[PDB]
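A.B. asks: Got a structure here, written out as structure tokens. Questions coming.
As a convention, Cβ positions derive from the backbone with ideal geometry for all residues, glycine included, and neighbour counts pool all protein chains shown. Readers should treat all values here as calculations from the given coordinates under stated rules, not as data from a laboratory.
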Amino acid sequence: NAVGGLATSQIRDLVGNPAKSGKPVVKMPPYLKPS
Amino acid sequence: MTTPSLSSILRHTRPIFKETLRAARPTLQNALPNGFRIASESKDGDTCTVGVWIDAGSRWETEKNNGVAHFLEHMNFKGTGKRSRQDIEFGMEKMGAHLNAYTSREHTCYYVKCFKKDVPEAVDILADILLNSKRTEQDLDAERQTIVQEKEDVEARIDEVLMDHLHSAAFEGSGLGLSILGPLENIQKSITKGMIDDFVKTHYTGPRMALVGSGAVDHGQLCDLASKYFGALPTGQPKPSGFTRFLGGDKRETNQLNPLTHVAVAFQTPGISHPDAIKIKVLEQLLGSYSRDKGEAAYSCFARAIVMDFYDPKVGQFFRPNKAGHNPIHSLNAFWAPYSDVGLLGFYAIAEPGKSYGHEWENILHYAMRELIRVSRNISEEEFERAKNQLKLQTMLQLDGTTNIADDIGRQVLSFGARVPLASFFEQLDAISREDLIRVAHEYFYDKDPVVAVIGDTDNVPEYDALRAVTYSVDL
Amino acid sequence: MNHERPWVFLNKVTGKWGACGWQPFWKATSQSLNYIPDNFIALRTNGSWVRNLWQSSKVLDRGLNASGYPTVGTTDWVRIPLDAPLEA
Amino acid sequence: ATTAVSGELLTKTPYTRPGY
Amino acid sequence: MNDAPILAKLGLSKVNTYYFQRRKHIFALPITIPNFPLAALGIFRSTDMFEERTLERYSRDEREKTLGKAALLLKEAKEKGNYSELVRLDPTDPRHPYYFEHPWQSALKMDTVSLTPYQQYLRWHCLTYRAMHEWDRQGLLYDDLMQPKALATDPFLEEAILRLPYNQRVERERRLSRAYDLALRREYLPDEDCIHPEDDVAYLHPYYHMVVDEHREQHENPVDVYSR
């Protein structure tokens, strides 16, 4: 598991996967609900 | 500007083209009785690229499993019967290497760069993931969101979206005109383990796979490993041979808030294995490329014709001068996208949208189509020589590094059946006649239906009908 | 003129081979005294394809596993080039 | 399709389009 | 009407103002051409009860209604302290003081016990006359067909469109482009996509009315009699 003394996988899971911020959600007026 | 320009008075010295031809070691090739191919090019060094090239892209999907190829690529890395994902990553890390998977419309490849001492282990891992990988539903359900994020990310690349538009417009009704990742609704709900298993069974066969080695590698060792691991692949049914019809037309996305407009115009050409392949390559290099940093220093009749109208004072007898404020062209590039059946040869122009209801794009496309007609009618010997020399250099520029050499070997093995020696290729490049090039240009450009893709302010880009009326001239 | 170099058709299921190539031809008329025709079937070559065919005949007739060669359309014929002698 | 005063959307009453 | 309970507690009528419409004048002045001469006088009038009737907004009753609803909102804000929220309601919210409803948005679930026979005829007419024009089969709302003109433009209308939120503006434009594409072939949407009358919301009339009032504001508080 440790590659040269480093738990790289663990580090990856803590460093290599930042969260991605997507488009803001638009609140739908009730009269636009019908498809 | 009180400083004189002596360049207008001086006699300048012209450099001439003189090629360098270093003899590379020949590309050895063998084939198991199963049909699986093994290609290798060895060179002195300490590192080697070893990979598997597969001849099954997204070209073989019917909109019911679109994107299944990419799903399979993501699923191969989630663990096999013997190893797990953690074990595969640990093996790669111990080797100090990365395992790269690339998926295109008609090719996929899994390759590893390593030292010559890790070749057997790399081949073992490649065979393990390709053949023995278990693709369960749970993992299939755990990758849907990552693939959705990848879809949303690749949708933000303007060049990729433009080429997807061009292919969707050109090839409608066949998998060659579908996006690699596929519809979002397919990513989230439709693609299933059954579809993935069918795709793998149908398209991962012996005669459609090659093991490529480049760099400090041993061909005999590669052959032994290939027999050990890849000798059991089935001799499945042959690659589908259908008719992919080209549909002239247009795909235009309107986004007036974009800072630049991208316009690609392409024409139908024969496949990559057609004898006209070299002539089409020479045509592509004849149209050339142009970047804004060059200014008026455009080396081709094509780009130059499109650029000098933004430097011309345009003084006339009965009309006021109309000189453009500045050159709006960001870039012009001639491209050829070939496929075993068909091809798309054309140009790709990026320029500012300009004043609303202006004439910039009208002029750009006017002169582009005029130059296409002109080259269809007559080509000069000096520009013919320039195009051939540039094709030589461009072909050589793509072979930088073991990974690039291996990619070239694999693509040529999958397409032509064997790698063409560069000298042999060059032998066919000095035998091209200007008349033959003119005939090829006239066959596919003059009075033909193009396919247009537009992204940006479509308020100023001419519509298809007008563009269809400028592929011919009254004088002829 | 520039056409393909001569090749060898080989049919798998029947297991039968044969050379082939493109033969130019023109309307017959007077000849030229000072000209011995060049290599026209294999253009720009020293005409080694005859030697390669002669050497490879024993290999092909004996039975060759040519599954690593491209096919011709949807038929059972595959093309073997005669650029270099065939040993397999 | 507009919300009530409470803010919840009610169910549309049955409706047959008038005939010719 | 969804607004009716509020109108119930302010001492107003729960019935649409589409009813109660009446003719108060003989001559229609200023005389407008290109009507034919007698028609230019306006003695005999032809109406289909779907006119705009914008000039009837200049009334004390409508202002009293608007200010009653606004006072309700302000009282709630004082009690709770959510002033911001209560002044940023979408005009399609029944609590918005400028809430407007098309006659057919409540014709199917109307009381119908207090209606005169003429008003019952008006209700049936509203439903059937809506059905005749077939803008519900084009995937379109009635307010989508309120469009400005290049010349003699309806000023209020243009402003009424710029006050729309961005998403509602884009949806309006997309619906209009889809209706254009359909009209090329004189095609309609699938029968299951027909617009229910209660879904035919008047999303632009509140903005139209607000603009009309704001434009009349300066007229009634002049700086001087001879002032621009």
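A.B. asks: Being over 30 Å from E:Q218 (Cβ atoms) and in contact with a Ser or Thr (Cβ under 9 Å, 6 or more places away or on another chain) is the requirement here; does E:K80 meet it?
C.D. replies: Considered against the rule, which asks whether it is over 30 Å from E:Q218 (Cβ atoms) and in contact with a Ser or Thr (Cβ under 9 Å, 6 or more places away or on another chain), E:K80 comes out as no.
A.B. asks: Further question: Keeping to region A:2-25, report how many residues are loosely packed, with under 10 Cβ neighbours inside 10 Å and not in a helix (DSSP H, G or I).
C.D. replies: Count: 11.
A.B. asks: Being closer than 20 Å to B:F425 by Cβ, among the polar types (S, T, N, Q) and either facing chain C (nearest Cβ under 10 Å) or assigned to a loop (DSSP other than H, G, I, E, B) (or both) is the filter here, so list the residues in region B:24-41 that pass it.
C.D. replies: B:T27, B:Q29 - these are the residues of region B:24-41 that are closer than 20 Å to B:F425 by Cβ, among the polar types (S, T, N, Q) and either facing chain C (nearest Cβ under 10 Å) or assigned to a loop (DSSP other than H, G, I, E, B) (or both).
A.B. asks: If the requirement is being surrounded by 20 or more Cβ atoms within 10 Å (Cβ to Cβ) and at positive phi, which of these qualifies: B:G295, B:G343, B:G288, B:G354?
C.D. replies: On inspection, the qualifying residue turns out to be B:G288.
A.B. asks: State whether one or more residues within region E:150-160 are surrounded by 12 or more Cβ atoms within 10 Å (Cβ to Cβ), among the hydroxyl-bearing types (S, T, Y) and outside any helix (DSSP H, G or I).
C.D. replies: No: zero hits.
A.B. asks: Which one of these is within 25 Å of B:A277 (Cβ to Cβ) and in contact with a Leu (Cβ under 8 Å, 6 or more places away or on another chain): C:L82, C:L64, C:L43?
C.D. replies: Details: C:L64 fails: within 25 Å of B:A277 (Cβ to Cβ); C:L43 fails: in contact with a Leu (Cβ under 8 Å, 6 or more places away or on another chain).
Checking each option against the conditions leaves just C:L82.
A.B. asks: Mind checking which pairs have a first residue in region B:144-165 that is under 11 Å from B:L184 (Cα atoms) and within 11 Å of another protein chain (Cβ to nearest Cβ) and a second that is assigned to a helix (DSSP H, G or I) and of a type outside the set (V, I, T), Cβ under 7 Å, 6 or more apart or different chains?
C.D. replies: Listed by first residue and then by second, the contacts come to B:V148/B:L184; B:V148/B:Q188.
A.B. asks: Right, something else. Among residues belonging to region B:432-471 that are more than 14 Å from every other protein chain (Cβ to nearest Cβ) and of a type in the set (G, A, S), point out the one that is nearest to the chain's Cα centre (by Cα).
C.D. replies: B:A453
A.B. asks: Further question: Do you know which residues across region B:74-91 are outside any loop (DSSP other than H, G, I, E, B) and closer than 23 Å to B:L140 by Cβ? Spell out how you get there, then give the answer.
C.D. replies: Initial filter on region B:74-91 (outside any loop (DSSP other than H, G, I, E, B)): B:74-76, B:80, B:85-91.
Matches in region B:74-91: B:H74, B:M75, B:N76, B:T80, B:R85, B:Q86, B:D87, B:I88, B:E89.
A.B. asks: With a cut-off of at least 2 residues that are touching a helix residue (DSSP H, G or I) at 6+ places or on another chain (Cβ under 8 Å) and either within 14 Å of chain B (Cβ to nearest Cβ) or surrounded by 12 or more Cβ atoms within 10 Å (Cβ to Cβ) (or both), name the strands (runs of 3 or more DSSP E) lying wholly within chain C.
C.D. replies: C:7-11, C:16-20
A.B. asks: Could you please tell me which pairs satisfy a Cβ distance under 6 Å, a separation of 6+ or placement on different chains, a first residue in chain D that is more than 7 Å from chain E (Cβ to nearest Cβ), and a second residue that is among the polar types (S, T, N, Q) and surrounded by 12 or more Cβ atoms within 10 Å (Cβ to Cβ)?
C.D. replies: Pairs found: D:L9/D:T3.
A.B. asks: Search region E:112-127 for residues that are farther than 12 Å from E:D48 by Cα and pair each with any residue that is assigned to a helix (DSSP H, G or I) and of a type outside the set (K, R) when their beta-carbon atoms are under 7 Å apart and the residues are at least 6 apart or on different chains.
C.D. replies: E:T112/E:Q120; E:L127/E:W104; E:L127/E:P197
A.B. asks: Considering only region B:284-300, how many residues are in contact with a helix residue (DSSP H, G or I) (Cβ under 6 Å, 6 or more places away or on another chain) and of a type outside the set (G, A, S)?
C.D. replies: 4
A.B. asks: It is to be established whether one or more residues within region E:121-136 are surrounded by 12 or more Cβ atoms within 10 Å (Cβ to Cβ) and touching a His at 6+ places or on another chain (Cβ under 7 Å).
C.D. replies: Within region E:121-136, none of the residues are surrounded by 12 or more Cβ atoms within 10 Å (Cβ to Cβ) and touching a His at 6+ places or on another chain (Cβ under 7 Å).
A.B. asks: Across region B:447-475, what is the total count of residues that are in contact (Cβ under 8 Å) with a residue 12 or more places away in the chain, farther than 14 Å from B:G248 by Cα and part of a loop (DSSP other than H, G, I, E, B)?
C.D. replies: Of the residues in that region, 9 qualify.
A.B. asks: Name every residue in region B:390-431 that is away from chain C (no Cβ under 14 Å) and either part of a loop (DSSP other than H, G, I, E, B) or touching an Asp or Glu at 6+ places or on another chain (Cβ under 7 Å) (or both), in order of residue number.
C.D. replies: B:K392, B:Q398, B:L399, B:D400, B:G401, B:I405, B:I409
A.B. asks: Limited to region B:94-141, what total is found for residues that are assigned to a helix (DSSP H, G or I), without any contact (Cβ under 8 Å) to a residue 12 or more places away in the chain and more than 14 Å from chain A (Cβ to nearest Cβ)?
C.D. replies: Kept after step one, since they are assigned to a helix (DSSP H, G or I), are these residues of region B:94-141: B:94-95, B:116-132, B:137-141.
From what's left, without any contact (Cβ under 8 Å) to a residue 12 or more places away in the chain: B:94, B:117, B:138, B:141.
With the extra rule that they be more than 14 Å from chain A (Cβ to nearest Cβ), the set shrinks to B:117, B:138, B:141.
Matching residues across region B:94-141 total 3.
A.B. asks: Taking the condition closer than 24 Å to E:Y98 by Cα, among the small types (G, A, S) and within 11 Å of another protein chain (Cβ to nearest Cβ), does E:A160 pass?
C.D. replies: Numbers: closer than 24 Å to E:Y98 by Cα: yes; among the small types (G, A, S): yes; within 11 Å of another protein chain (Cβ to nearest Cβ): no.
Here the answer is no, as E:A160 does not meet what is asked.
A.B. asks: If E:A131 satisfies every condition in (1) more than 11 Å from every other protein chain (Cβ to nearest Cβ); (2) closer than 24 Å to E:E198 by Cβ; (3) of a type in the set (G, A, S) but one, which is the exception?
C.D. replies: Exception for E:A131: condition (1).
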